[PDB]
Every structure is written in structure tokens, then in C-alpha cells.
Number of protein chains: 2
Amino acid sequence: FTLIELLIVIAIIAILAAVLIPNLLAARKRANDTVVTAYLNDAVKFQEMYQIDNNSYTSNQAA
Amino acid sequence: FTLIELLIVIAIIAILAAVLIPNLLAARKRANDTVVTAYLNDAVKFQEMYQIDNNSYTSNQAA
Ligand SMILES: *[C@H]1O[C@H](CO)[C@H](O)[C@H](O[C@H]2O[C@H](CO)[C@H](O)[C@H](O)[C@H]2NC(C)=O)[C@H]1NC(C)=O
Ligand SMILES: *[C@H]1O[C@H](CO)[C@H](O)[C@H](O[C@H]2O[C@H](CO)[C@H](O)[C@H](O)[C@H]2NC(C)=O)[C@H]1NC(C)=O
Ligand SMILES: *[C@H]1O[C@H](CO)[C@H](O)[C@H](O)[C@H]1NC(C)=O
Ligand SMILES: *[C@H]1O[C@H](CO)[C@H](O)[C@H](O)[C@H]1NC(C)=O
């Protein structure tokens, strides 16, 4: 094992470190939109439950 | 064995001593950039772990 093999190893590490890491921001954006969609789907279920009890929809989240 | 053979030996030692030693600074530069790259790749893993626990990224290294 010699300095030229070790420079090749360092060079290839620099390549793999650059390319094998995903765009984390783009991944989290799509997960975050799923949270919003899921929370609105829940708010919709609870608007219908409030409608069962009160014959009207809520304007306030605490209800 | 005589003074002329010994002067040839000294002359060739002076040559091999000059050429067979690598640029140590250049080698260490590329290893040092690997340390920085590796430490930032770790800091990135830990930013995602802090995001798992806190729903936000850290601004401070101690976290
Ligand atoms: C939903 O609650 C809102 C505050 O959280 C706000 O009060 C909205 O307006 C209502 O005001 C009172 C109830 O607080 C009234 O008797 C009616 O429910 C309603 N008034 C008007 C102007 O409609 C309430 N819902 C909405 C958007 O009307
Ligand atoms: C990360 O910690 C920093 C100090 O280590 C600094 O405090 C940054 O600013 C925050 O300040 C407090 C927390 O200490 C706030 O409640 C917020 O988390 C944040 N303030 C602002 C202005 O955003 C903190 N993160 C960053 C860069 O916001
Ligand atoms: C929801 O009900 C709780 C009690 O069960 C509190 O009265 C709260 O204020 C209610 N939310 C609103 C404001 O409608
Ligand atoms: C990390 O946690 C340790 C305890 O496990 C200390 O509270 C330390 O201060 C923390 N770092 C910061 C400042 O977030």
C-alpha cells in the first residue's frame, strides 16, 4: 500500500461523498405537504363531528 | 573499495535522497479535506437526528 493508491482512495471518497447523498430539502418538502394534507383531512372529520353536535361548522380550532 | 567508488556512492545517495521523498504537504492537504468532508457528513446526519426530535435544525454545535 502506497501514496498513489491512497490518493486514488481519497479521490474516489470525494466522488462518492458528493453523489451518494440525496437532496434532503426536496424529500422533506413532500413529507411536509403530507403532514398538511393529513391534518386538513382530520380537521374535515372534526368539522363533520361538530356539525353532528351543533348543526353548524366551527370557525374556531379549539372546538 | 576506494575513494572514487565511495564518491560515486555519496553522489548517488544525494540523488536518491532528493527524488525518492514525496511532497508531504500536498498529500496531507488531500487527507485534511477528507477529514472536513467526513465531519460535515456527520454534522448532516446529526442535523437530521435533531430534526427528528425537535422539528427544527440546530444553530449550535453542542446540540
Ligand atoms: C366562530 O367563532 C369565531 C370566534 O372563534 C367567531 O365568533 C365567528 O362568528 C360568530 O360570532 C358569534 C359566535 O362567537 C355568533 O353568534 C355567530 O356564531 C358568528 N357570528 C357571525 C358574524 O356569523 C364564529 N363563526 C363564524 C365564522 O360565523
Ligand atoms: C440556535 O441557537 C443559537 C445559539 O446557540 C441562537 O440562539 C439561534 O437563535 C434562536 O434564539 C432562540 C433560541 O436560543 C429562539 O427562540 C430561536 O430558536 C432562534 N431565534 C431566532 C432569531 O431565530 C438558534 N437558531 C437560529 C439560527 O435561529
Ligand atoms: C372545547 O371544549 C373544552 C372542554 O371540553 C373547552 O371548553 C374549550 O374551550 C372548547 N373549545 C372551544 C373554544 O370551542
Ligand atoms: C446537549 O445535551 C447535553 C446533555 O445531554 C447538554 O445539555 C448540552 O448543553 C446540550 N447541548 C446543547 C447546548 O444543546
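For ligands, and for the atoms within them, numbers begin at 1 and follow the listed sequence. Values below: all heavy atoms of this structure, side chains included; hydrogens, waters and symmetry mates excluded. Below, read A as the first sequence line, B as the second, and so on, with proteins coming before strands; counting in each chain starts at 1.
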Pairs under 3.5 Å, nitrogen or oxygen of ligand 1 with protein nitrogen or oxygen:
{"unit_1": "ligand 1", "atom_1": "2 (O)", "unit_2": "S59(A)", "atom_2": "OG", "d": "2.1"}
{"unit_1": "ligand 1", "atom_1": "25 (N)", "unit_2": "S59(A)", "atom_2": "OG", "d": "3.2"}

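Between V36(B) and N32(B), every side-chain heavy-atom pair lies at or beyond the 4.5 Å cut-off. Between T37(B) and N41(B), some side-chain heavy-atom pair lies under the 4.5 Å cut-off. The shortest side-chain heavy-atom distance between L25(A) and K29(A) falls under the 4.5 Å cut-off.
Closest heavy-atom contact between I21(A) and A17(A): CG2-O, 3.5 Å.
Pairs engaging residues 10-28 of chain A under the side chain to side chain donor-acceptor pair (under 3.5 Å) rule: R28(A)-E48(B) [sequence neighbours left out].
Remark: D42(A) engages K45(A) in a side chain to side chain donor-acceptor pair (under 3.5 Å) (not counting sequence neighbours).
Side-chain atoms of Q51(B) come within 3.5 Å of backbone atoms of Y57(B) as a donor-acceptor pair (strictly under, hydrogens ignored).
Protein residues with a heavy atom closer than 4.0 Å to ligand 4 are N60(B), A62(B), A63(B), listed by chain and number.
Atom CG of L16(B) has more than 12 neighbouring heavy atoms from other residues, nucleotides or ligands inside a 6.0 Å radius. Annotation for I8(A): atom CD1 does not count as buried by contact number, only 12 or fewer foreign heavy atoms lying within 6.0 Å.
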